[PDB]
Amino acid sequence: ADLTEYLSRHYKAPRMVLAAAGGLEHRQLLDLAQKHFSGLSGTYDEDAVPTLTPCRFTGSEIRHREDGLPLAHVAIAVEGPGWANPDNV
Amino acid sequence: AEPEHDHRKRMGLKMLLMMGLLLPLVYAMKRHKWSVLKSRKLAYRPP
């Protein structure tokens, strides 16, 4: 039931990208997608359309003290740049 | 007996205002730097 609603809600047609690189043309791939992918979905159901929420960077620390290990692993991270802004660059 | 009584109570008034205006802020800053270890929380992971 969970996987059925998962596939009915998430792998929808207006959010998936067929990407193909290498030795192939564009009209060929477009026409194959018109034959096979056309008829997939796009009729999204009535309720719970997926839309993000701006998630809260809390900022804290967690330490798993486990002294039966040879080496130590530390990661430290700060605030998010995003995607569209050139602060990423 | 006390040639300094006037000015010592003047400085007593100024010290009362200083330690009423300052000492709550130092207590706030103490609680703000001890604020992490008041809220730290443990959990027990063995295999």
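Residues numbered from 1 in each chain as written, not as in the entry; some residues may be left out. Chains lettered and ligands numbered in written order. Part of a larger assembly, values for the part shown. Heavy atoms only, no water.

As recorded in the PDB header, cryo-EM is the method behind this entry, and the stated resolution is 3.9 Å.

K.L.:
Please clarify how the overall build of chain B should be interpreted in this entry.
P.N.:
Secondary structure summary: chain B contains 3 helices and 0 strands in total. The order of α-helices and β-strands along chain B, N terminus first, is α-α-α. Along the three orthogonal principal directions, the C-alpha set of chain B runs to about 80 × 20 × 10 Å. Per-residue burial over chain B gives 0% buried out of 47 residues. Just so you have it, chain B exposes about 5100 Å², and 68% of that area is on carbon and sulfur atoms. (Helix = DSSP H or I, 4+ residues; strand = E, 2+ residues; numbered from the N terminus. Buried < 20%, exposed > 50% of the residue type's maximum accessible area, 1.4 Å probe, protein only. Areas by Shrake-Rupley, 256 points an atom, 1.4 Å probe, with all protein chains shown as cover.)

K.L.:
Sorry, what's going on with the overall build of chain A here?
P.N.:
Counting its secondary structure elements, chain A contains 2 helices and 0 strands. Here chain A has a C-alpha radius of gyration of 22 Å; the compact-globule value for 89 residues is 12 Å, and the former is much larger. Here the C-alpha coordinates of chain A stretch approximately 60 × 40 × 35 Å along the principal axes. Evaluated residue by residue, chain A yields a buried proportion of 2% over its 89 residues. Accessible surface for chain A amounts to roughly 9300 Å². Of this, 57% is attributable to carbon and sulfur atoms. Taken together, the 8 basic and 12 acidic charged side chains of chain A have centroids lying 4 Å from each other. (Rg over C-alpha atoms; globule rule 2.2 N^0.38 Å. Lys, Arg positive; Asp, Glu negative; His and termini not counted. Charge placed at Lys NZ, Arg CZ, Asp CG, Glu CD.)

K.L.:
Got a minute to help me understand unusual backbone geometry in this structure?
P.N.:
Negative phi characterises most residues that are not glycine, and trans characterises most peptide bonds. Backbone geometry at A:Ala48 places phi at a positive 55°, although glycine is not the residue there. Along the chain, A:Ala48 turns up in the segment after α2 (27-36).

K.L.:
Looking at this structure, how should I read the packing of aromatic side chains?
P.N.:
The description of an aromatic ring pair rests on the distance of the ring centres and on the angle between the ring planes. All names here are of chain A. Tallied over the full model, the rule gives 1 aromatic pair over all chains. Centroid distance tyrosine 6 to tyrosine 11: 6.1 Å. Interplanar angle 65°. Geometry classified as edge-to-face. A residue is classified by how much of its surface remains accessible, and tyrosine 6, at 40% relative accessible area, is partly exposed. For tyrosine 11, a relative accessible area of 56% puts it in the exposed group. (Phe/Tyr/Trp six-rings, centres within 6.5 Å; stacked < 30°, edge-to-face > 60°.)

K.L.:
Looking at this structure, I do not really get the layout of surface pockets. What am I missing?
P.N.:
For the largest pocket, the calculated volume is near 610 Å³. Considering the residues around the largest pocket, the lining is formed by 16 residues, among which A:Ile62, A:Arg63, B:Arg40, B:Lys41 and B:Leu42 are closest to the centre. Looking at side-chain class alone, the lining of the largest pocket contains 6 nonpolar, 3 polar and 7 charged residues. Residue composition of the lining of the second largest pocket, grouped by class: 7 nonpolar, 2 polar and 5 charged. (1 Å grid on protein atoms, 1.4 Å probe; cavity = no way out; pocket = protein on both sides within 12 Å on 5 of 7 lines; lining within 4 Å. Points joined across faces, edges and corners; volume = space filled by probe spheres on them. Nonpolar A, V, L, I, M, F, W, Y, C, P; charged D, E, K, R; others polar.)

K.L.:
What should I look at first to understand a nonpolar patch on the surface in this one?
P.N.:
All names here are of chain B. Together, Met15, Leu16, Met18, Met19, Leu22, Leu23 and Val26 line one region of the surface with nonpolar side chains, adding up to about 680 Å² of accessible area. Those elements giving two or more residues to the nonpolar patch turn out to be α1 (5-21) and α2 (23-33). Top element by residues in the nonpolar patch is α1. It accounts for 4 residues. By secondary structure assignment, the location of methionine 18 is in helix α1. (Patch = residues over 30% accessible without salt bridge, like charges linked within 9 Å, V, L, I, M, F, W, Y side chains within 5 Å. Salt bridge = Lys/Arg side-chain N within 4 Å of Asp/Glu carboxyl O.)

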